[PDB]
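**Student:** Whatever this is, show me its structure:
(one chain, ligands or ions: 4)
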Amino acid sequence: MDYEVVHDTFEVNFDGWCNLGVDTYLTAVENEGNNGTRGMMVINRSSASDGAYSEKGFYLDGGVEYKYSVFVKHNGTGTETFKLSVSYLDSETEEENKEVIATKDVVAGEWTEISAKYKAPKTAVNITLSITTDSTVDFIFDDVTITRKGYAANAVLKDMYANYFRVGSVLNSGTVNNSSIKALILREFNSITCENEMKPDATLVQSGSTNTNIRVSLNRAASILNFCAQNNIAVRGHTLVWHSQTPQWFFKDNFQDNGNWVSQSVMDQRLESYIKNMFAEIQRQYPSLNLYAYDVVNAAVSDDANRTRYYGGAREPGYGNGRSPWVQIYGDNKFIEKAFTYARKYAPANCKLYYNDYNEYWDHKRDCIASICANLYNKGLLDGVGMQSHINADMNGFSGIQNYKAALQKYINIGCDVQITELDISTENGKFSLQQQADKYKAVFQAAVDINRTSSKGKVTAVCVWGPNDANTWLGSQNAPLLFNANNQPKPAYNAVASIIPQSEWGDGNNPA
Ligand SMILES: O[C@@H]1[C@@H](O)[C@H](O)OC[C@H]1O
Ligand SMILES: [Ca+2]
Ligand SMILES: [Ca+2]
Ligand SMILES: [Ca+2]
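**Tutor:** Numbers count the residues shown, from 1 in each chain. Ligands and ions are numbered 1, 2, ... in the order given. Provided below are the atomic coordinates:
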């Protein structure tokens, strides 16, 4: 009754609402809202289960009671049976435990409301609200409202680094349900990458895709994109091309995983389409979202020095294991330029285009990456080099501060910018200490800051860590690679980094130059 958590009006963006059912379509329309404002029209259904949903893990806790409330409206003959269902997954139970929580017969032509009070089991999470009728009728909703009963530049990274670059992190579909993580990002980061949720296999749609219309979807990414847009955090798209996390069928003549490899001519179609539509859908669904960067091609250069010498950097043709289905089809890395051309053609001008890579400071590879990228920069096609920076706490050796600076500098010497895209600093299972860790973090931020304070053509425009805390890292906890412990308290790396910039220099992290 007292306090509000979700107010979805639909004025600008789809507010994290997605088609329930693979062929159900969603579209926001001007003046079909409640009170002639903007509204969310659900078309092409197929069953009473088909509909629309929104995962609201960010705002709805287990074991709290919520006022759920939606204005709906239809346009058929006679009356309609509208349902409001809350589902979840339970951290124990571990199956999608559903529940219909309000029924309401609703007549043609009229902005009727629907509601109910509901409490989820003490434990539940990854909630989710969804709207259906007992028929297969088009409908419209607006004003989704959920409620429960009951410049000062700050000591935060984004403010601290406001005059330098964006300081980012990573959300995923697990973390997007964590109270204190939400609090953390809001407090500290002004950039977010989707860990998995905007990769090809999370966004392509098999069913009725075609060589010149590749069906795509932001459903997986939606809660993330919505939370960032609503809170003015920018976003790096990640990633359009990658030998990995991309389903095989995308490469096959009959959109089967076990098909036949398609012509080049055919992949040019499928590639262009995926990119075009992928930009279309963002623009369409989340236009207020600041899409400031995108990883156009990801990790396309071999780690094998034999391949960087003779084969331009081409990975081995094939699928899985670190083989490239792209190289499989195209015979080599010609496809990189192609992809950056489509990207350039459809990306918003404010969204800068990056080649993203790891082991980016290992000489034979570094040289390869940098050659490629300079060539693209000079052609108007690339804007920046993405240094993934999966390094360790060692001040020396392979990913050591010298080899690191060397690459950084060599990249910047291209003209283009550089971003530090997926930074983590591995204690190699306790081999190094949280201090030698701190020292390395402090060193990296420091090297970025130097570049920025020098020339000038190129700049480091963002520095983002691959995860929010040590409890959510693809490297495993045992390597405590991040700035925050499993309880979100700052680690020694956090202040090492929290003190490179003097208070007289902080800024609006919500408005960073
Ligand atoms: O997508 C990320 C990729 O860019 C990096 O190479 O490896 C970790 C992945 O999550
Ligand atoms: Ca809105
Ligand atoms: Ca509205
Ligand atoms: Ca598959």
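**Student:** The stretch 101-250 of the chain: helices as residue ranges?
**Tutor:** Here the stretch 101-250 of the chain has its helices, by DSSP state H, counting those that start in this stretch, at 157-160, 179-188, 200-203, 222-229.
**Student:** Kindly reformat those helices as CSV containing distance to ligand 3.
**Tutor:** C-beta here means a position set from N, CA and C on the backbone, and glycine is covered the same way. As requested, these are exported to CSV (distance: least, Cβ to the ion, whole Å):
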stretch, distance to ligand 3
helix 157-160, 31
helix 179-188, 25
helix 200-203, 27
helix 222-229, 16
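**Student:** Name the stretch among those that sits most buried.
**Tutor:** helix 157-160 (a mean of 26; mean count of other Cβ atoms under 10 Å).
**Student:** For that helix, output the C-alpha coordinates as CSV.
**Tutor:** What follows is helix 157-160, C-alpha atoms only, in CSV (Å, rounded to 0.1, in the frame of the first residue of the first chain):
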residue,chain,number,x,y,z
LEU,A,157,34.7,5.2,-8.7
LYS,A,158,32.4,6.8,-11.3
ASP,A,159,32.6,10.2,-9.6
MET,A,160,36.4,9.7,-9.0
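**Student:** outside of that helix, which residues touch it?
**Tutor:** Under the criterion Cβ atoms under 8 Å, 6 or more residues apart in numbering, residues 153, 166-167, 188-190, 497-498, 501, 506-510, 512 lie in contact with helix 157-160.
**Student:** Residue numbers of this structure in contact with ligand 2?
**Tutor:** 11-13 (Cβ under 5 Å from the ion).
**Student:** Out of those, flag the one nearest to ligand 3.
**Tutor:** Of all these, residue 11 has the smallest distance to ligand 3: 5.8 Å, by Cβ to the ion.
**Student:** Contacts only, for that closest one.
**Tutor:** The contact partners of residue 11, taken as Cβ under 8 Å, 6+ apart, are 37-38.
**Student:** One more: residue 251?
**Tutor:** Contact analysis of residue 251 by Cβ under 8 Å, 6+ apart lists 259, 261-262, 267, 319, 325, 328-329.
**Student:** now, the most widely separated pair of these?
**Tutor:** The distance between the two most remote of those (Cβ to Cβ) is 14.0 Å, for 267 and 319.
**Student:** of the two, who's got more company?
**Tutor:** Taking other Cβ atoms under 10 Å, residue 267 and residue 319 do not tie; residue 267 has more neighbours (21 against 16).
**Student:** May I ask which of the contacts of residue 251 has the most neighbours?
**Tutor:** residue 325 (23 neighbours).
**Student:** Roughly how far does that one sit from residue 157?
**Tutor:** Counting by Cβ to Cβ, to the nearest Å, the separation of residue 325 from residue 157 is 38 Å.
**Student:** Repeat that for residue 269.
**Tutor:** Look at residue 269 and residue 157: by Cβ to Cβ, they are 43 Å apart.
**Student:** again, but for residue 473
**Tutor:** Residue 473 is 18 Å from residue 157, by Cβ to Cβ.
**Student:** A strand includes residue 423, no?
**Tutor:** Yes - applying DSSP: H, G, I helix; E, B strand; the rest coil, one finds residue 423 inside a strand.
**Student:** Residue 444 is in contact with that one, correct?
**Tutor:** Yes - in this structure, residue 423 is within contact of residue 444 by Cβ atoms under 8 Å, at 6.9 Å.
**Student:** what touches both of those two?
**Tutor:** By Cβ under 8 Å, 6+ apart, residue 423 and residue 444 have these common neighbours: 389, 391, 463.
**Student:** Just give me the neighbour total for the last one.
**Tutor:** Which is residue 463. 25.
**Student:** what's the angle between the lengthiest helix in the chain and helix 222-229?
**Tutor:** Longest among the helix segments of the chain by residue count, using DSSP state H, is helix 264-285. If you take axes from the mean of the first three to the mean of the last three Cα atoms, to 10 degrees, helix 264-285 sits at 50 degrees to helix 222-229.
**Student:** how much distance is there from helix 264-285 to the middle of the chain?
**Tutor:** Per Cα atoms, centre = their mean, to the nearest Å, the displacement of helix 264-285 from the mean C-alpha position of its chain is 17 Å.
**Student:** Also stretch 91-101?
**Tutor:** Offset of stretch 91-101 from its chain centre (Cα atoms, centre = their mean): 26 Å.
**Student:** show me where the stretch 1-150 of the chain has strands.
**Tutor:** With DSSP state E, counting those that start in this stretch, the ranges of strands along the stretch 1-150 of the chain come out as 3-8, 18-20, 26-29, 39-42, 51-54, 65-73, 80-86, 89-90, 100-106, 113-119, 124-125, 129-133, 139-148.
**Student:** my bad, the stretch 251-400 of the chain
**Tutor:** Secondary structure of the stretch 251-400 of the chain, counting by DSSP E, counting those that start in this stretch: strands at 293-298, 352-357, 384-387, 390-392.
**Student:** Kindly provide the distance from the spatially closest residue to residue 355 that is not a sequence neighbour to residue 297.
**Tutor:** Nearest non-adjacent residue to residue 355, counting by Cβ to Cβ, 6 or more residues apart in numbering: residue 373, 5.0 Å away. Using Cβ to Cβ, residue 373 is found at 10 Å from residue 297.
**Student:** Pick out the residue of the stretch 101-250 of the chain closest to ligand 2.
**Tutor:** Closest point on the stretch 101-250 of the chain to ligand 2, by Cβ to the ion, is residue 230, at 7.5 Å.
**Student:** Name all residues that make contact with that residue.
**Tutor:** Counting by Cβ under 8 Å, 6+ apart, residue 230 has contacts residue 13.
**Student:** For it, give its distance to residue 174.
**Tutor:** Residue 230 is 20 Å from residue 174, by Cβ to Cβ.
**Student:** before we move on, what about residue 496?
**Tutor:** For residue 496, the distance to residue 174 - Cβ to Cβ - is 28 Å.
**Student:** neighbour count winner among the two?
**Tutor:** Between residue 496 and residue 174, residue 496 has the larger neighbour count (other Cβ under 10 Å), namely 22 against 14.
**Student:** Tell me if I'm right that the more buried one and residue 434 touch.
**Tutor:** No - with contact defined as Cβ under 8 Å, residue 496 does not reach residue 434; the gap is 9.9 Å.
**Student:** for the stretch 351-500 of the chain, what spans make up the helices?
**Tutor:** Secondary structure of the stretch 351-500 of the chain, counting by DSSP H, counting those that start in this stretch: helices at 363-378, 401-412, 434-453, 492-498.
**Student:** Any chance of the ones you listed in JSON lines with distance to residue 57 as columns?
**Tutor:** Converted to JSON lines, the helices of the stretch 351-500 of the chain look like this (distance: least, Cβ to Cβ, whole Å):
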{"stretch": "helix 363-378", "distance to residue 57": "37"}
{"stretch": "helix 401-412", "distance to residue 57": "37"}
{"stretch": "helix 434-453", "distance to residue 57": "30"}
{"stretch": "helix 492-498", "distance to residue 57": "26"}
